[PDB]
Amino acid sequence: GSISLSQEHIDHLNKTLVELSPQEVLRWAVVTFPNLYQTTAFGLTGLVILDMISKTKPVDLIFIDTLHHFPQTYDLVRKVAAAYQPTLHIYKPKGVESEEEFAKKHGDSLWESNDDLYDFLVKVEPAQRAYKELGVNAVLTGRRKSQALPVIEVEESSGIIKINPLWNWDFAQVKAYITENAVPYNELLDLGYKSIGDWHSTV
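For the sequence shown, my numbering begins at 2 and goes up steadily by one.
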């Protein structure tokens with residue numbers, strides 16, 4: 002089963018949840034929703050939320066390993082497994098365990114020869130396999146202010162309820178938190194990267 006919120010109910014929450022700290026939004030989400038998970042690619046906002054979660058009530062992580070992450074990204078996952086020890090569900094392209102295996106099964110540089118198909122294989126399909134296997138009802142996302150955002154959104158296809166605790170944070174306050182709380186971060190940011198995706202499609 003999946004949880005359905007009335008539109009008048011979604012509207013009430015977006016008016017009251019904005020008065021809460023993100024820490025209070027997280028406690029509220031855990032109390033309110035069954036089958037709640039944090040979906041992250043371990044960008045900066047996901048690390049802020051993960052660190053906040055570590056202080057209170059743990060929430061399982063969902064991580065999509067496209068097999069084409071930066072080496073620096075895999076380093077951060079290893080660091081997070083050590084310092085935070087979360088429950089971490091990792092989903093990969095079905096039946097593939099490495100970028101080399103991916104290239105032999107689907108061809109070289111699929112992300113440019115067939116972008117629609119590369120995206121289904123390494124992003125869309127593992128994510129929908131995760132949501133169905135784990136019976137996900139709500140997810141905490143690291144979506145924030147763009148360089149206003151609702152605190153609650155409903156993904157029309159799956160009925161997944163998205164909660165954005167950092168809805169009112171810009172990039173400055175996020176790096177601020179990372180630095181005071183000594184949160185590990187992707188070392189590619191030291192080279193001036195903003196967003197971090199696959200090693201071949203990050204610009």
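Beta carbons: idealized from backbone N, C-alpha and C, even for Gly.
For the options 49, 24 and 14, the alpha carbon positioned closest to that of residue 172 is the one of 49. Taken through DSSP and simplified to helix, strand or coil, residue 154 comes out as strand.
In the pairwise beta carbon analysis, the stretch 102-112 is classified as not touching the stretch 126-145: fewer than three pairs are separated by under 8 angstroms. Exclusion of the five residues before and after residue 55 leaves 85 as the residues of its chain whose Cβ lies within less than 6 angstroms of its Cβ. A Cβ-Cβ separation of about 31 angstroms leaves residue 53 out of contact with residue 94 under the 8 angstroms criterion. Restricting attention to 92, 58 and 40, the CA atom closest to the CA of residue 33 is found in 58. Cβ-Cβ distances below 6 angstroms link residue 111 to 119 in the same chain, with the five nearest sequence neighbours on each side left out; the list follows chain order.
Per DSSP, reduced to three states, the secondary structure at residue 90 is strand.
Residue environment analysis places residue 75 among the exposed positions, since fewer than 16 neighbouring C-beta atoms fall within 10 angstroms of its C-beta. Membership of residue 64 in the beta strand (DSSP E) is indicated by the continuous run 62-65.
Straight-line spacing of the CA atoms in residue 183 and residue 83 works out to 14 angstroms. DSSP, reduced to helix, strand and coil, places residue 40 within a strand of the structure shown. Boundaries of the alpha helix (DSSP H) harbouring residue 11: 8-17, taken from the DSSP string. Residue 147 holds the alpha-carbon nearest to the alpha-carbon of residue 169 among 147, 80, 198 and 156. Annotation: residue 50 is outside any beta strand (DSSP E); the continuous alpha helix (DSSP H) that includes it extends over 45-56. Taking the Cβ atoms as the reference, residue 153 lies roughly 6 angstroms from residue 11, within the contact range of under 8 angstroms. Shown here, residue 191 sits in a helix according to DSSP, grouped into three states.
Straight-line measurement puts the Cα of residue 116 at about 26 angstroms from the Cα of residue 160. The Cβ-Cβ distance between residue 167 and residue 143 falls below 9 angstroms. The DSSP assignment places 100-107 and 111-114 as complete runs of the alpha helix (DSSP H) inside the stretch 93-119, in order along the chain (cut-off: 4 residues).
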